[PDB]
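Reviewing the structure listed below.
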2 protein chains.
Amino acid sequence: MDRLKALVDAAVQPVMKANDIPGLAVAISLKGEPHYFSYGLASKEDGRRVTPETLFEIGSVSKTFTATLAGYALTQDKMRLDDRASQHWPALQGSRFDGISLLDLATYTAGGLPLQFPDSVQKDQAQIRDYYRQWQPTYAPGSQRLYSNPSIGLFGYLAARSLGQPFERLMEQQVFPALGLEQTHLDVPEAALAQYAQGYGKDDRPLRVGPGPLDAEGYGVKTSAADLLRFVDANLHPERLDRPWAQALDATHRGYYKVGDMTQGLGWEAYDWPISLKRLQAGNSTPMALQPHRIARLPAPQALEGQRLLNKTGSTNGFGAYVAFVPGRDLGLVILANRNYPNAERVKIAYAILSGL
Amino acid sequence: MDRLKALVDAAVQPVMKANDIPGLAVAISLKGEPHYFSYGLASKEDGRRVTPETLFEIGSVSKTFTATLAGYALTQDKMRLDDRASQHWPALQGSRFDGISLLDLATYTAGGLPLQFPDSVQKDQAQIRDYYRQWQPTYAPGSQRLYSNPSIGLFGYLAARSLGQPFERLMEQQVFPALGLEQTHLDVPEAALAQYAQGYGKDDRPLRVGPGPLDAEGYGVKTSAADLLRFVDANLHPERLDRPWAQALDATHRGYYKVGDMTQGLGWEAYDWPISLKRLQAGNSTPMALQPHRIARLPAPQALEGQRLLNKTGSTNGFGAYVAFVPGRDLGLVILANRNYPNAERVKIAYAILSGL
Ligand SMILES: *C(=O)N1C[C@H](NOS(=O)(=O)O)CC[C@H]1C(=O)NOCCN
Ligand SMILES: *C(=O)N1C[C@H](NOS(=O)(=O)O)CC[C@H]1C(=O)NOCCN
Ligand code: NI
Ligand code: NI
């Protein structure tokens, strides 16, 4: 494995140095076997080292887990993607969500739901409900992609409602276990807190993510490199799971439209593979997150398999994560850092590694 | 026996409906007498009905047969569980299998051998050998249980080598006949193909298991409900076979360590009986098959008899099998289906039946 070791060292170390990244865990799945590389410090104050068991905040990578729950709800015939959103929450009946579908919410095409909830919306059922009740669209549903936590957040919350339980309960009791995961959480238990890395912000201050409205659905997962690769491996081989959970994962591997080179799935975003580093970086750039883009809608849902790269970026104030896999090559990659360093740099590491596998 | 009929019907029918199972064969050994219940279709195409003679793929239940061959090798003083793996295959000498025991391989504690051979390893001796020669442990031997086909596959293969014959020949010529079995096969003969059920996959496609490296050892057995109950009955009363085969069966009823509620034997996995449905389901859950678990090693091997439930689950892309017995209550159960439906559902059927006996 010294060959893989040399490749990963060469990819990681220059970027860790250039971005002053205290700690970074890599997990690679190659030819059906895991490989771990654990760099630096989980905490600068007490000098705890990064291991494959260190817990990191993965931020928006959480959307892939949220998509998995929604996938399950489909397999159980509890909801359908063409359902009107308000079908699954009576409180929204009569609002604009009578005419917005679950698919629109999942794929950020509801009509201009913002990146975040207004700063005034606290983590509170009534305030979240009221926000959606009063929300006035900027566009007609299904025409403009605008990356949005309130959009996919609602999708996840409605999936939970369709299954008749809180989102958090379903994730902790059903989803994580069904995926073969045991070190993956929405709220890190007391027993595992010693594994929780410290995050380091823009100003080098220690930071951990605080609560917010629909945080669990949008950006709330904490996990290790080892457990996140287990998730990637389930995505590569959904047959490691029970039938309905295999089907749930399959549902997150279906593309609905294109923006530039990117095909939008549930949570996952896909690309042809190979693709240039420059194009992959463009798909993961700040304008992709912050600008609205017209969508090019596929005539039918497209299976995101074969020679394709499926990926997701995620950040919190103190953390930067990236996950990617190539279904047709059985390659899987996880890079978790305890600094929020640029998306382009994460893609740089991933590309250098994947290019050499 | 309409009373047993009422119990079995009530346990089976709802689960068949819920999981869209085309065909399911139940065989129960109660107080030393067999009872068969045969539901639905062995093939949806030609409407052939399930009978106690229908052949199903039992997947990982095959491991109990593999363990029995190893049990025989032990009785014939051809190998010992403490033996270094490479003692029984000179080709592995100089590899990590110089420091891994037969017991490690049998009980999935070699140090991180994966669930499956990499898809790139073909059913070929050289490729299988090279895989093992190049393999590097994630963990120290004897410390972590990670369920693995290459692991127990090697155990069975090495047992065969110790006896001086191919694994397939030993199973067909010696093991199956010794157990009184005539409808149990690694490869179904032409004469019996009309009995071989069609399997039905995740997507409802007609599926039968295809060849793979060490498939015979890990998951390759096809058998009927009647023949598999005959095997269960041999397990309940080993003294019913020739002395060496009685001893071979006894060897598979010895526990070496615990993980949660489960005591690990050779092939067989054991629990106290009675135990809650919830706990029995956890023992047969996805995290059990996919997560590494630190083992709690027993001071000496524990005889798996009296008030205990010994069981094994098994699946292929198109089939789902479950077998269980309670030595101290002389109870035996076989449930074979031609759909790979969730482990928890199989346990639900079995628990409902066993609790009513
Ligand atoms: C997800 O991690 N997001 C969404 C967005 N950036 O998109 S990404 O480049 O695809 O990750 C803004 C940052 C981030 C969060 O919202 N993270 O949650 C912590 C602050 N709300
Ligand atoms: C055995 O049937 N296995 C082992 C594993 N699941 O464990 S079990 O729940 O104890 O059965 C994965 C699936 C399955 C197979 O490997 N089946 O053979 C076909 C794929 N190699
Ligand atoms: Ni594959
Ligand atoms: Ni008895």
Side-chain angles (χ1 to χ4, degrees), chain A residues 29-32 56-66 108 114-119 121 123 145-153 199 201-202 207-222 232-240 262 264 267-269 281 283-291 305-306 311-323 325-332 336 340-347, chain B residues 29-32 114-121 212 232-240 305-306 325-332:
Chain A
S29 184
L30 172 57
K31 302 169 187 289
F56 294 82
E57 300 175 1
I58 68 179
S60 280
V61 177
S62 303
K63 295 183 180 69
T64 64
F65 290 97
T66 299
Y108 327 110
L115 177 75
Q116 314 283 349
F117 280 100
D119 210 279
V121 181
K123 190 176 167 65
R145 179 189 192 274
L146 183 70
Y147 190 93
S148 170
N149 286 343
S151 190
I152 203 167
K202 145 177 65 72
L207 293 173
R208 277 184 191 151
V209 71
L214 308 184
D215 48 7
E217 289 89 347
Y219 58 83
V221 174
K222 298 88 196 180
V232 172
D233 279 320
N235 274 276
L236 284 168
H237 299 107
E239 75 271 5
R240 44 203 273 124
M262 187 275 287
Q264 178 76 58
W268 298 107
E269 299 168 16
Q281 282 171 325
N284 289 288
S285 68
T286 303
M288 280 299 285
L290 305 186
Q291 285 280 319
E305 53 195 9
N311 77 356
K312 187 74 182 89
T313 52
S315 318
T316 59
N317 286 155
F319 290 84
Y322 182 71
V323 176
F325 58 96
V326 183
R329 290 222 44 211
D330 273 358
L331 299 174
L336 304 180
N340 181 1
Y341 69 113
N343 274 7
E345 294 292 285
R346 310 174 202 188
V347 173
Chain B
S29 182
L30 170 62
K31 297 167 182 72
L115 181 74
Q116 313 287 355
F117 279 105
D119 294 325
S120 59
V121 177
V232 167
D233 279 324
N235 274 273
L236 284 165
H237 311 102
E239 70 269 18
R240 139 190 165 112
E305 54 191 8
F325 60 98
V326 182
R329 288 215 52 216
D330 223 285
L331 293 173

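Read the numbers this way: they start at 1 and go in the same order the structure lists the ligands and their atoms. So that the names make sense, note that chain A is the first sequence line, chain B the second, and so on, each numbered from 1.
- Shown are the protein N/O/S atoms under 2.8 Å from the Ni ion (ligand 4), given by residue and atom: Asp330(B) OD2.
- By the 4.5 Å heavy-atom criterion applied to side chains, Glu239(A) and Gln116(B) are not counted as neighbours.
- The CD atom of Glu57(A) sits 8.5 Å away from the CG atom of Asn317(A) when rounded to the nearest 0.5 Å.
- Taking CG from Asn235(B) and CZ from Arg240(B), the interatomic distance works out to 10.5 Å, rounded to the nearest 0.5 Å.
- Interatomic distance, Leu331(B) CG to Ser29(B) OG, rounded to the nearest 0.5 Å: 8.0 Å.
- For ligand 1, the protein residues within 4.0 angstrom (heavy atoms only) are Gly59(A), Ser60(A), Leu115(A), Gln116(A), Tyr147(A), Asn149(A), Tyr219(A), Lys312(A), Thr313(A), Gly314(A), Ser315(A), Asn343(A).
- With contacts defined as side-chain heavy-atom distances shorter than 4.5 Å, the pair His237(A)/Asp119(B) qualifies.
- The closest approach of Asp119(B) to the Ni ion (ligand 3), by N/O/S atoms, is made by OD2.
- Residues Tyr108(A) and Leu146(A) have side chains not in contact (no heavy-atom distance under 4.5 Å, counting atoms from C-beta outward).
- In this structure, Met288(A) and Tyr147(A) have side chains that are not in contact, with every pair of non-hydrogen atoms separated by 4.5 Å or more.
- In this structure, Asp215(A) and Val209(A) have side chains that are not in contact, with every pair of non-hydrogen atoms separated by 4.5 Å or more.
- Residue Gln291(A) holds its CD atom at 12.0 Å from CZ of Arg145(A), rounded to the nearest 0.5 Å.
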